[PDB]
């Protein structure tokens, strides 16, 4: 029987691999079921068996596949010095991503880095790192966060394969996951409304679970679904007593800092 699961090519550029790690925390489905039954994951540096020329050959085989492919991009693109500060197989990352993007059926940027540039783009941006759309002028489906919830990434992949392109907001994020403010679903919202705030982390107010706004919480300006879905089926930062950093917002490293203040 001639069979085909949709081909996915996953590139790693200027990244910390936290997005790959987030993806493999999926439980609906687990990552094994996804890659055995739903997609054909045809290049993925972190887990693939081939290395070196054999890995580069696997990439080229996938890019030239007659069925086409979807492109997942993890990491920003370091553009300084002709792209030479980020290279795979002796090629600038920007060159390979540009080539893969040009023929992709669709492009999904997993994480704030590929979506918007991320941590390496933070001032003064030594490597002149750029988001994928920023660098290439192509439209992307952005699944930001540092890292995004697997629910949002795997949910987006499954949506793209079975329904089409989900409705995106002005920052390219699927409204299914990014349509609401963190704050609007936060269990500390009744404290915020009553102006009941923790003034410091050691305070009795912090012990009582008062709102973290005075300690810098960016929940009120951050679009994500963290309190609704949780992470790892158990927790999220505010439940662990810590303010939201705003990590799914473009350029948050510069727009949401200092993290413990309301700048």
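We call the rigid core whatever largest set of C-alpha positions still superposes within 1.5 Å between the two forms. Residue numbers count along the first chain shown, from 1.
Superposing each structure in 5 other deposited structures of this protein on the rigid core shows that the farther-lying of 110 to 118 and 133 to 141, by root-mean-square Cα distance, is 133 to 141.
The PDB entry reports B-factors from which the mean C-alpha value can be compared for 163 to 171 and 143 to 151; the larger average falls on 163 to 171. Across the two stretches, 61 to 69 and 39 to 47, the PDB entry reports the greater mean Cα temperature factor for 61 to 69. Based on the entry's C-alpha B-factors, the most elevated value among 119, 110, 135, 182 belongs to 135. Residues shown: 82, 126, 86, 76. Highest C-alpha temperature factor in the entry: 82. Per the PDB record, residue ranking by Cα B-factor puts residue 226 in the lowest third of the chain. For residue 29, the recorded CA temperature factor ranks within the highest third of the chain's modelled residues. In the deposited entry, the Cα temperature factor of residue 130 sits in the bottom third of values across the chain's modelled residues. Residue 115: CA B factor in the lowest third of modelled residues in this chain (values from the PDB entry). Residue 157: CA B factor lies in the highest third for its chain, per the PDB record.
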